[PDB]
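Some notes on the structure that comes next.
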Amino acid sequence: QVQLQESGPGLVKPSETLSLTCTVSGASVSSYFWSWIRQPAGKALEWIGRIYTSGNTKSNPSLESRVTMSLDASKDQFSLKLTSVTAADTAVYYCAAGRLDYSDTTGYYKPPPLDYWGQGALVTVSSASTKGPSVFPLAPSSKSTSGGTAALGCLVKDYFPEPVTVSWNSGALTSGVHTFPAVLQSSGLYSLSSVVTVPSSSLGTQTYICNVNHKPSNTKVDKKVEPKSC
Amino acid sequence: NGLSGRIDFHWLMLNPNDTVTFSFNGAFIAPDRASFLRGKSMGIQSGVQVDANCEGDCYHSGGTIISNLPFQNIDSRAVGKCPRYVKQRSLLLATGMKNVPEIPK
Amino acid sequence: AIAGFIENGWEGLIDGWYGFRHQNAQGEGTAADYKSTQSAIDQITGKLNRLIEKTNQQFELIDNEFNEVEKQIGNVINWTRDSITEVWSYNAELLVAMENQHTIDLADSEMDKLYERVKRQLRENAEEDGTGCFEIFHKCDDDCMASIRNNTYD
Amino acid sequence: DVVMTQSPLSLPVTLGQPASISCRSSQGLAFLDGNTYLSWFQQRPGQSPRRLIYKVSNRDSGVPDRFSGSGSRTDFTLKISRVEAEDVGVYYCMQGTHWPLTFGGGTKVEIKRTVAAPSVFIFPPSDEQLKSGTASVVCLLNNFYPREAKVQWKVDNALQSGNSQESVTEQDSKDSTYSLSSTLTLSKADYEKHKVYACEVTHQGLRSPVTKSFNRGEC
Ligand SMILES: *[C@@H]1O[C@H](CO)[C@@H](O[C@@H]2O[C@H](CO)[C@@H](O[C@@H]3O[C@H](CO)[C@@H](O)[C@H](O[C@H]4O[C@H](CO)[C@@H](O)[C@H](O)[C@@H]4O)[C@@H]3O)[C@H](O)[C@H]2NC(C)=O)[C@H](O)[C@H]1NC(C)=O
Ligand SMILES: *[C@@H]1O[C@H](CO)[C@@H](O[C@@H]2O[C@H](CO)[C@@H](O[C@@H]3O[C@H](CO)[C@@H](O)[C@H](O)[C@@H]3O)[C@H](O)[C@H]2NC(C)=O)[C@H](O)[C@H]1NC(C)=O
Ligand SMILES: *[C@@H]1O[C@H](CO)[C@@H](O)[C@H](O)[C@H]1NC(C)=O
Ligand SMILES: *[C@@H]1O[C@H](CO)[C@@H](O)[C@H](O)[C@H]1NC(C)=O
């Protein structure tokens with residue numbers, strides 16, 4: 001009945017203080033070990049450190065010079081601060097919890113278990129300012145669908161940093177939604193296509209809107225897709 | 001089995017390219033097929049169930065010794081890859097310091 | 001009313017195996033020392049991971065429980081088997097004995113290695129009561145006591 | 001630092017077959033409390049990793065039967081009795097006895113399924129994007145296997161090259177199929193120069209290359 005929710009800036013400038021915070025739902029922070037695990041883009045998981053109330057920020061040596069962890073028992077949030085940030089610190093930052101048995105004296109001197117995880121926060125470490133996306137509808141060509149199925153989508157183009165979230169019709173449309181991985185254009189900006197397959201008879205009768213969220217720029221787009229009107 | 005006759009079974013290993021010659025005129029139980037060995041196995045004798053759910057590497061007649069501990073006091077004849085059989089039933093290794101209790105004042 | 005390890009071990013200490021129990025204007029505090037307790041735990045673990053190691057030699061049957069073998073060859077097998085039983089049983093009881101002494105004396109070593117560290121920290125500002133404590137001859141608030149623990153006392 | 005080494009590093013299995021993953025630690029993983037703390041973790045497409053096995057053998061609650069952990073003190077093995085389409089993802093091993101927690105390299109498990117021909121669709125660039133001077137023509141291959149496909153852009157029977165970027169979804173968690181999105185990006189001036197924009201798809205499930213085109217403007 002426990003859940004961990006990461007939160008914090010999506011990009012931090014080189015040499016800043018990358019800060020994040022894992023907010024705890026439905027449990028008392030006093031009763032767990034608290035680990036931060038970061039995963040760089042397509043690499044092995046890296047275990048940053050672990051803390052517990054009454055203090056003991058045991059951390060990995062690669063980052064100990066720069067790591068700083070604390071946790072608030074009233075707000076229920078594990079927190080983290082990585083000072084002087086580099087491009088190497090660009091990673092997904094999952095937070096994790098582990099059972100804490102008070103009487104297990106020997107448990108504070110063993111790496112904590114990784115019982116529960118959060119969704120992971122992306123912190124891309126660069127200097128390029130935040131750019132909201134542009135959303136262009138990928139519509140069928142004059143109902144040349146001709147099949148039993150038809151296709152339509154969105155084009156979330158030119159944005160930075162990652163990521164963007166795309167939901168079709170406020171989540172009501174899920175069956176057949178393929179939201180592609182972002183691709184980095186030669187301009188230093190990302191771009192992805194989100195597509196969905198619908199029955200051919202649904203065009204014109206059904207409304208189709210993709211909802212784009214680029215939380216780095218606090219941008220929210222609701223782009224309706226429909227066949228062209230010549 | 002009701003028959004007071006007796007059959008003596010002998011055997012030999014015929015080297016490759018060699019020939020075994022039988023010359024006889026009675027009282028000879030003859031071989032029909034020769035046997036050849038397949039590969040590696042391990043012969044165990046037992047008297048308990050087989051269990052394909054559990055995975056093991058040390059066998060005695062009473063079953064399987066599954067352990068990481070380096071000694072065992074189960075069977076001095078266990079075969080496979082096994083802990084060492086010792087006379088003692090228990091040897092306690094200290095994983096903590098000398099315990100000195102406390103007194104109030 | 002407070003005492004050290006020259007007498008007895010504290011039962012209230014649970015964050016670790018060694019710690020500081022202080023006393024001043026603000027009252028008693030019991031807080032473990034993390035570096036020293038890990039150095040003890042990590043060496044007992046070093047023993048386990050050396051003795052738990054398995055043997056990769058596979059022995060097969062030479063006896064036969066169902067169908068006994070020749071009395072001579074069997075007696076000699078029995079003689080060898082019982083002789084090997086005696087060696088491992090001896091090598092086992094001894095290893096536990098030695099490692100239990102080295103374990104017990106290992107933790108005592110790390111308690112003093114911590115006591116003799118805090119001693120050099122306090123330099124000429126405290127004295128040895130004799131029971132594993134330090135009478136500090138200057139007012140030391142709760143912040144100053146923590147300076148002794150994290151090795152910042154000047 | 002304890003070194004977690006996994007093998008194989010790419011484990012393509014056949015939908016419904018068993019397979020194993022070996023994890024060798026540079027050090028013994030026993031602890032004073034008598035438990036050896038090795039764990040196995042499964043991170044499926046776009047998700048937080050979840051723990052399959054804790055303490056070498058104990059499986060975590062809510063995990064399929066086919067996951068059974070085993071190992072000794074240096075050598076450990078994750079065994080999957082029957083890999084179904086829902087077991088795609090990356091698998092890690094972590095020691096949890098020595099500071100710091102360390103993870104294996106990871107094993108990429110991809111389901112080998114039956115061949116599935118892709119559905120092909122083409123999208124003209126929106127008129128809104130042409131106001132920005134750039135034109136993005138999108139071609140889609142939907143729900144197919146194997147993930148090997150050829151996507152040639154033909155602007156007026158002229159095979160394009162260089163301006164083609166394609167993205168690929170992850171193998172699906174139920175039918176084990178992929179999906180691809182080739183994007184032909186070029187300038188507004190070049191878009192307005194030619195008429196026919198074709199997308200030639202060649203795949204194993206197609207007895208001949210399938211093409212979907214669209215003449216500029218039109219409807
Ligand atoms: C060399 O060493 C072997 C092993 O020590 C030794 O063979 C053993 O001999 C003893 C007899 O001294 C056997 O022990 C039992 O003897 C009683 C006699 O009353 C029998 O009833 C036993 O058989 C029953 O009981 C078992 C236990 O309940 C049952 O499981 C079994 O099915 C029977 O119902 C048993 O024979 C002992 O079994 C053997 N061990 C073997 C053969 O492995 C041998 O004699 C030694 N050689 C010399 C020359 O000293
Ligand atoms: C000496 O060490 C042993 C362990 O090596 C200690 O015993 C263990 O104590 C823990 C207490 O947290 C017990 O954990 C519990 O186990 C059950 C499973 O049986 C589990 O489901 C619970 O959630 C909980 O984790 C553990 O069982 C127990 N082991 C035993 C009893 O065999 C022991 O307390 C230590 N003694 C001293 C004096 O320090
Ligand atoms: C047996 O001997 C013959 C004649 O020397 C030879 O041709 C044949 O290869 C031999 N067989 C083997 C298995 O070497
Ligand atoms: C030592 O502890 C004091 C508080 O008692 C703290 O202010 C100081 O920063 C600590 N020093 C280190 C190096 O942790």
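Just so you know, all these numbers are worked out from the coordinates, no wet-lab data involved. So basically every Cβ, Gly included, is an ideal-geometry build from the backbone, and we count neighbours across all protein chains shown.
Assorted remarks:
- For the range B:72-81, a residue qualifies if it is more than 7 Å from chain C (Cβ to nearest Cβ), assigned to a loop (DSSP other than H, G, I, E, B) and of a type outside the set (D, E, K, R), and the qualifying residues are B:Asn73, B:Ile74, B:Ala78.
- Qualifying residue in the range D:59-72 (condition: within 16 Å of ligand 2 (Cβ to nearest atom) and among the basic types (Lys, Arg)): yes
- C:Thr85 more than 16 Å from ligand 4 (Cβ to nearest atom), among the β-branched types (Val, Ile, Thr) and in a helix (DSSP H, G or I): yes
- Sole residue being away from ligand 4 (no atom under 16 Å from the Cβ) and part of a loop (DSSP other than H, G, I, E, B), chosen from A:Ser146, A:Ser191: A:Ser146
- Restricting C:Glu135, C:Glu128, C:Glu124 to those that are free of Cβ contacts under 8 Å to residues at least 24 places away in the same chain and either within 16 Å of ligand 2 (Cβ to nearest atom) or in contact with a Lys or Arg (Cβ under 8 Å, 6 or more places away or on another chain) (or both) reduces the list to C:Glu128.
- Selection status of C:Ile136, away from ligand 1 (no atom under 16 Å from the Cβ), touching a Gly at 6+ places or on another chain (Cβ under 7 Å) and aliphatic (A, V, I, L, M): no
- Qualifying residue in the range C:59-68 (condition: away from ligand 1 (no atom under 13 Å from the Cβ) and within 14 Å of chain D (Cβ to nearest Cβ)): no
- Whether a residue is part of a strand (DSSP E or B) and touching a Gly at 6+ places or on another chain (Cβ under 9 Å) was assessed, and A:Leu71 does not pass this test.
- The listed residue being hydrophobic (A, V, I, L, M, F, W, C) and over 22 Å from D:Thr97 (Cα atoms), out of D:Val56, D:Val3, D:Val63: D:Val63
- Just one of the listed residues (C:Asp112, C:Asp143) is among the acidic types (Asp, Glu), free of Cβ contacts under 8 Å to residues at least 24 places away in the same chain, within 16 Å of ligand 4 (Cβ to nearest atom) and part of a helix (DSSP H, G or I), namely C:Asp143.
- For C:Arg117, the conditions (1) more than 16 Å from ligand 2 (Cβ to nearest atom); (2) within 14 Å of chain B (Cβ to nearest Cβ); (3) more than 18 Å from C:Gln23 (Cβ to Cβ) all hold with the exception of (2).
- There is at least one residue in the range A:40-47 that is away from chain D (no Cβ under 11 Å) and over 25 Å from C:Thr37 (Cα atoms).
- Among residues of the range C:83-101 that are within 9 Å of chain B (Cβ to nearest Cβ), those with a beta-carbon under 8 Å from a residue that is among the polar types (S, T, N, Q) and surrounded by 15 or more Cβ atoms within 10 Å (Cβ to Cβ) at least six positions away or on a different chain give the pairs C:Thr85/B:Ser76.
- Condition check for A:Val123: in contact (Cβ under 8 Å) with a residue 60 or more places away in the chain, of a type outside the set (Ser, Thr, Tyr) and under 26 Å from A:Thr17 (Cα atoms): yes
- Taken over the range C:95-114, residues that are more than 16 Å from ligand 2 (Cβ to nearest atom) and under 24 Å from C:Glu7 (Cα atoms) amount to 11.
- Matching residues, the range B:24-66, being more than 9 Å from every other protein chain (Cβ to nearest Cβ) and surrounded by 14 or more Cβ atoms within 10 Å (Cβ to Cβ): B:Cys58, B:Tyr59, B:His60, B:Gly63, B:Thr64, B:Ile65
- Considering residues of the range B:82-105 that are part of a loop (DSSP other than H, G, I, E, B) and of a type in the set (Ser, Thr, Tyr) only, the residue surrounded by the most Cβ atoms within 10 Å (Cβ to Cβ): B:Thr95
- The set of residues from the range D:16-55 being surrounded by 16 or more Cβ atoms within 10 Å (Cβ to Cβ) and under 19 Å from the mean Cα position of the chain (by Cα) comprises D:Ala19, D:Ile21, D:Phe41, D:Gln42, D:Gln43, D:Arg44, D:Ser48, D:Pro49, D:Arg50.
- The set of residues in the range D:92-139 that are within 17 Å of the chain's Cα centre (by Cα), assigned to a strand (DSSP E or B) and under 26 Å from A:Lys143 (Cβ atoms) contains only D:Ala116.
- Matching residues, the range A:105-137, being facing chain D (nearest Cβ under 7 Å) and under 30 Å from D:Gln129 (Cβ atoms): A:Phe136, A:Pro137
- Residue satisfying all of: in the range C:129-140; surrounded by 14 or more Cβ atoms within 10 Å (Cβ to Cβ) and either more than 16 Å from ligand 4 (Cβ to nearest atom) or of a type in the set (S, T, N, Q) (or both); farthest from the chain's Cα centre (by Cα) among these: C:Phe134
- Some residue of the range C:41-56 being within 15 Å of ligand 1 (Cβ to nearest atom) and in contact with an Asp or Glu (Cβ under 9 Å, 6 or more places away or on another chain): no
- Whether a residue is closer than 26 Å to B:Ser90 by Cα, exposed (fewer than 13 other Cβ atoms within 10 Å of the Cβ), away from ligand 1 (no atom under 15 Å from the Cβ) and of a type in the set (A, V, I, L, M) was assessed, and C:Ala92 does not pass this test.
- Residue check for C:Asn75: within 14 Å of chain D (Cβ to nearest Cβ) and loosely packed, with under 12 Cβ neighbours inside 10 Å: no
- Top-ranked residue of the range B:59-105 - restricted to ones that are hydrophobic (A, V, I, L, M, F, W, C) and closer than 25 Å to B:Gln49 by Cα, ranked as farthest from the chain's Cα centre (by Cα): B:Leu69
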